[PDB]
Protein chains: 2
Amino acid sequence: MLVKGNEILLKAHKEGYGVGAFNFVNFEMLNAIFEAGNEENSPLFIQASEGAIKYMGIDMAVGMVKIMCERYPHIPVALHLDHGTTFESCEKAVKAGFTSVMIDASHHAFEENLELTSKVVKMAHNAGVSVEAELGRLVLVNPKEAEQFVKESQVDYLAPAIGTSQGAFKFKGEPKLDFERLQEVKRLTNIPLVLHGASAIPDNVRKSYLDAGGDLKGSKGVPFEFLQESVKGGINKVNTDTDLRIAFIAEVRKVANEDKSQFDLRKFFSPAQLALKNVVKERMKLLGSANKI
Amino acid sequence: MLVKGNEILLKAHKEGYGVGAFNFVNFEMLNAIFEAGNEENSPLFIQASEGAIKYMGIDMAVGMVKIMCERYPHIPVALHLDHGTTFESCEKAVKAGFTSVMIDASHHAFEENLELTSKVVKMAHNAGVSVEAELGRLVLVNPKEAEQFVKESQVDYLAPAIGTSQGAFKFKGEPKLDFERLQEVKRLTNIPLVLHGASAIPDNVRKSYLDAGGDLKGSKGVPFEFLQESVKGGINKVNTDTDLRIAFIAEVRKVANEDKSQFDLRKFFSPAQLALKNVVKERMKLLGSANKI
Ligand SMILES: O=C(COP(=O)(O)O)[C@@H](O)[C@H](O)[C@H](O)COP(=O)(O)O
Ligand SMILES: O=C(COP(=O)(O)O)[C@@H](O)[C@H](O)[C@H](O)COP(=O)(O)O
Ligand code: NA
Ligand code: NA
Ligand SMILES: [Zn+2]
Ligand SMILES: [Zn+2]
Ligand SMILES: [Zn+2]
Ligand SMILES: [Zn+2]
């Protein structure tokens, strides 16, 4: 069922596994994510960015997820506002029915980040909603700051900057993350931690995309082994979007290329859903949330 | 708000205009249709085929429409099962919350078509749901059969075969419809009538599809002038799907062609929604449902 984000992530925290947090922008993405969770017996974090909310309308974002939760009532599901940029945005999400909200104030100095995060936490906790915040920038997280930040804000989960970035072009050269910083943050905070920019761009997905005429010039994601290492270090929420988009659009491009007469939307989007679903299923197995319901 | 189909079509029948009945398979199609109705101040028939229902799930088909109706509460909307093939399918749609259902038994002889239609009508009317049926095959409709069929079945609206067919390839030669049969059916039945296979393939939609590399070899739709003549002859519900698909997919193909690095779904589907919306807006103006709220 639809539950507070902490319900899912406190379990992952105590049992030492990662829960993928999968972005969606429409029905096809959401359906494929849910079918993956059903097939792998995995809890689900479903997340929508501010741009996704603008595209769908917040009423449709929440409404579609509630329909899907009722279709699969045995699956723990949290609905999460990804990268909220203002208090008002987080408050709108709480009022619409999100069960987790993130406030990204990491571009501010410690004191202002803490102040704004604490304001969001007070509002969200009063409504029974869990909160994510972010600390560090690509300087990276100061683990002693993270300790005090969590103690004072009462935030439920923290995204500490350890070297990732969003999108398909994460590393100019070889992938590298600061796992020692991660472990120190985990030791001092003892809460669930969040990894942003965690797409892997797997080889099969990249190939599917390029074969269909797409270009991913110099793309590089987080290797599978780094994702496993981050879970071993205490990451419990693993934000994943780019991998889903590439796998989905590769199949759309393929249909467009191979039948110029095809205009049935379902003939484009059924194979796209399948490819997205498979990415999610594999990721749930990799992160350790499979068979955890 | 969401209303019985007959509420919308009795008005169209009395006032002599046509209401487009627009198919959808996902959120993007549905959103564009509703924005068109909002912008043209037009009532909406929103329809889902059995295949569309399988693709979305009936819970999502109804649920998304209910969200959209709440977003635009001033627009009269009927939610219609298009081309139900069995009593049980129509019954499932009634139970899920559809406000209009169609049973297509036109491939049976008169007596069996009438029997099955009557069974659907009894079930749907008991639940406050309107019913569409079909008579004739591309032998065309016998107006005297239509008279008896409507009287005995109590069906709310009838689709009489006058020469259309579904899809992009409607006429091997010149477009021809039997407007005399139409007028006789209307005179004898005095109920709202339905035109199936009513896409026009407008020149600008065809051009966009071809400019993006698509193939529509041999395609031919119902001319705008024939749609207007049909309305003058008593057509009140105008089933439209192909035009929407072509306009939408033309823009998807265009985005794929012009940026091989693009994999944000919203960048494909925002222009696709706009093109679909514009087809619907123009069609609402052509059929006379604009400014009828
Ligand atoms: O960390 C993220 C995903 O990382 P990724 O790019 O998949 O490695 C998400 O939380 C992003 O913030 C989200 O994908 C941004 O979405 P939009 O703002 O483009 O909708
Ligand atoms: O008459 C119709 C549309 O006509 P069109 O092809 O747009 O001229 C609809 O009622 C069709 O029955 C519907 O488009 C079929 O949809 P699917 O069965 O392919 O979903
Ligand atoms: Na987030
Ligand atoms: Na119909
Ligand atoms: Zn950030
Ligand atoms: Zn971030
Ligand atoms: Zn038919
Ligand atoms: Zn038909």
Side-chain angles (χ1 to χ4, degrees), chain A residues 5 9 19-26 29 45-56 61 78-85 90 93 98 100-104 106 130-134 155-159 161 163-171 175 192-202 205 219-222 226-227 235 237-247 279-280 283, chain B residues 21 49 82-85 102-107 113 132-138 140-141 158-167 194-198 237 239 241 263-267:
Chain A
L9 295 181
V19 178
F22 298 103
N23 284 85
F24 77 111
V25 309
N26 71 8
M29 292 189 78
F45 245 76
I46 308 294
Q47 59 179 31
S49 67
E50 293 185 335
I53 287 166
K54 182 147 286 157
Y55 177 82
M56 285 181 280
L79 176 53
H80 172 84
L81 171 68
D82 179 27
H83 277 78
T85 57
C90 293
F98 280 68
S100 176
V101 297
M102 189 226 172
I103 179 67
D104 182 6
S106 64
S130 311
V131 181
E132 181 183 317
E134 182 163 14
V155 73
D156 302 280
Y157 17 105
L158 177 70
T164 60
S165 54
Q166 269 65 290
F169 313 98
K170 306 186 186 303
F171 302 109
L193 301 180
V194 186
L195 190 67
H196 293 170
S199 278
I201 316 200
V205 174
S219 65
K220 202 81 121 298
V222 179
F226 277 30
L227 293 176
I235 292 301
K237 177 177 173 283
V238 184
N239 285 26
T240 310
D241 189 349
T242 296
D243 284 350
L244 281 48
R245 298 184 196 191
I246 297 175
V279 167
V280 174
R283 195 62 43 83
Chain B
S49 66
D82 181 22
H83 277 79
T85 54
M102 188 222 174
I103 180 67
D104 182 10
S106 63
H107 56 284
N113 186 2
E132 178 184 317
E134 186 157 17
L135 190 58
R137 322 176 183 104
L138 178 63
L140 296 181
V141 64
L158 180 70
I162 63 168
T164 62
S165 54
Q166 267 63 294
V194 186
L195 189 68
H196 293 170
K237 177 175 175 282
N239 287 26
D241 190 350
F263 49 78
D264 185 339
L265 278 64
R266 296 161 292 200
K267 297 288 192 190

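Naming: A, B, ... by sequence-line order, numbering from 1 per chain. Counting convention: from 1, in listed order, for ligands and their atoms alike.
Annotation for ligand 1: atoms under 4.0 Å from non-hydrogen atoms of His196(A) are 1 (O). The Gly197(A) neighbourhood of ligand 1 comprises atoms 1 (O), 2 (C), 4 (O), 5 (P), 8 (O), with distances under 4.0 Å to a heavy atom of that residue. Close contacts of ligand 1 with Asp82(A), meaning ligand atoms under 4.0 Å from a residue heavy atom, involve 9 (C), 10 (O), 11 (C), 12 (O), 13 (C). Of all the atoms in ligand 1, the ones that sit under 4.0 Å from a non-hydrogen atom of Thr240(A) are 7 (O). Shown in contact with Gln47(A) at under 4.0 Å from a heavy atom are these atoms of ligand 1, numbered in order with element: 10 (O). Within the listing of ligand 1, atoms 5 (P), 6 (O), 8 (O) sit less than 4.0 angstrom from a heavy atom of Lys170(A). Applying the 4.0 Å criterion to heavy atoms of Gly167(A) picks out, from ligand 1, the atoms 6 (O).
For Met102(A), no heavy-atom contact with ligand 1 is shorter than 4.0 Å. Residue-level proximity to ligand 1 for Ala198(A) is carried by the backbone, the only part with a heavy atom below 4.0 angstrom. At a heavy-atom cutoff of 4.0 Å, ligand 1 is contacted by both the backbone and the side chain of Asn239(A).
Between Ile53(A) and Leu81(A), some side-chain heavy-atom pair lies under the 4.5 Å cut-off. Looking at heavy atoms from C-beta onward, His196(A) lies in side-chain contact with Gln166(A) at the 4.5 angstrom threshold. Residues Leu227(A) and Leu195(A) meet the side-chain proximity criterion, which asks for heavy atoms closer than 4.5 Å. In this structure the side chain of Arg266(B) reaches within 4.5 angstrom of the side chain of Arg245(A), judged on heavy atoms. No side-chain heavy atom of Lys237(A) sits under 4.5 Å from any side-chain heavy atom of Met102(A). Within the 4.5 Å cutoff, no side-chain heavy atoms of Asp156(A) are placed close to those of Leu9(A). Side-chain contact between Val155(A) and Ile103(A): absent, with no pair of heavy atoms (C-beta onward) separated by less than 4.5 Å. Residues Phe22(A) and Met29(A) fail the side-chain proximity criterion, which asks for heavy atoms closer than 4.5 Å.
Residue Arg245(A) places a heavy atom under 4.0 Å from ligand 1.
Here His83(B) contributes NE2 and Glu134(B) contributes OE1, and at the Zn ion (ligand 8) these two atoms make an angle of 90°, given to 10°.
Nearest N/O/S atom of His80(A) with respect to the Na ion (ligand 3) is recorded as NE2. Atom OE2 is the N/O/S atom of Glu132(A) found closest to the Na ion (ligand 3). Taking the Zn ion (ligand 8) as reference, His196(B) places its N/O/S atom ND1 nearest. For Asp82(A), the N, O or S atom closest to the Na ion (ligand 3) goes by the atom name OD1.
Taking only nitrogen or oxygen atoms, main chain and side chain alike, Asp241(A) reaches within less than 3.5 Å of ligand 1. Where the criterion is an N or O separation shorter than 3.5 Å, residue side chain and backbone included, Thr242(A) meets it with respect to ligand 1. On a distance-only criterion, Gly51(A) and ligand 1 share no N/O pair closer than 3.5 Å. Residue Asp243(A) has no nitrogen or oxygen atom sitting less than 3.5 Å from a nitrogen or oxygen atom of ligand 1, judged on distance alone.
Between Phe45(A) and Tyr157(A), the angle of the ring planes goes over 60°, which puts this pair in the perpendicular group of the 30/60° scheme.
For the atom pair OG (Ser219(A)) and CZ (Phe171(A)), the distance works out to 12.0 Å, reported to the nearest 0.5 Å. Rounded to the nearest 0.5 Å, atoms NE2 (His80(A)) and CD1 (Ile46(A)) are 11.5 Å apart. Atom CG of residue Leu265(B) and atom CG of residue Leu244(A) lie 9.5 Å apart, to the nearest 0.5 angstrom.
For the pair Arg137(B) (side chain) and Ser106(B) (backbone), a donor-acceptor distance under 3.5 Å is present.
Counting only heavy atoms of the protein, atom 20 (O) of ligand 1 lies nearest to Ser49(A) OG, 2.5 Å.
Comparing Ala200(A), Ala52(A), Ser199(A) against atom 7 (O) of ligand 1, the shortest heavy-atom distance belongs to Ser199(A).
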